[PDB]
Each structure stands twice: as structure tokens, then as C-alpha cells.
Amino acid sequence: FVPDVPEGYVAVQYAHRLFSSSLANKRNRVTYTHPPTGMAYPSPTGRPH
Amino acid sequence: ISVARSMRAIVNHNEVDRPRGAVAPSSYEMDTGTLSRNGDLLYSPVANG
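Just so you know, the protein sequences line up as chains A and B, in that order. Using our numbering, the letters of the first sequence map in sequence onto residues 1234 to 1282. Using our numbering, the letters of the second sequence map in sequence onto residues 1234 to 1282.
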């Protein structure tokens, strides 16, 4: 039962260089840079889907 | 002097795309060009012909 991908989920294809290493308010969180927009995301929550 | 050297400072900051002092390797350091029918060791041609 391959659950199909939802509605708004956008397809950032995992490359290797959009998972860098910024500083989100006092640590060196691993951070994701969404590719359809530019935004950071320095912690895995409320990302972009 | 810094004469014999290739790379410097392999690291990434919290925020910047490179720590401003880093030297990438040499494009000529990675390059295997073949050897000819005379022992040569050519580089890989900037080509086309």
C-alpha cells in the first residue's frame, strides 16, 4: 500500500548541497534550504513539506 | 610565502558560503590526461579539437 504523496508536497529532489550548516539562534543546527523559494529552515519543524 | 600549498581551512562557518580564506584545490591537480604513443602525460584537452 504505497501511500500516495499528498497534496501540497513539493518535489525537492535530494541533492547534497542543500543541507548546509548555519547558526539558528545559538547552535550549529543542520539546515535545509528549500529550492523553490530560498528559505532556510534551521531545525526539522514546520519545514516546507 | 605560502608556496607549496593546495587547500586551506577545510571547514564551514555558521553563516557564510566559505570562510573567506579557503583555497580550493587546483583544477590541474585532479586532472588525468592520458599519455600518448610517446610517453607524454598530456593534460585533458580544453578541446574541442
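Just so it is clear, CB atoms sit at the ideal spot from N, CA and C, and this is done for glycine as well.
query, result
"Neighbour flag for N1281 (chain B) against chain A, beta carbons, 8 Å", "no"
"Contacting positions in the region 1240 to 1271 of chain B - beta carbon closer than 7 Å to chain A", "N1245, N1247, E1248"
"Top-ranked residue by Cα proximity to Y1247 (chain A), from A:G1279, A:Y1265, A:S1276, A:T1270", "A:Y1265"
"Chain B contacts made by the region 1245 to 1269 of chain A, where a contact means CB separation under 8 Å", "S1253, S1254, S1255, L1256, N1261"
"Pairwise C-alpha distance: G1271 (chain A) and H1282 (chain A)", "14 Å"
"Span separating the alpha-carbon of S1255 (chain A) from that of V1245 (chain A)", "20 Å"
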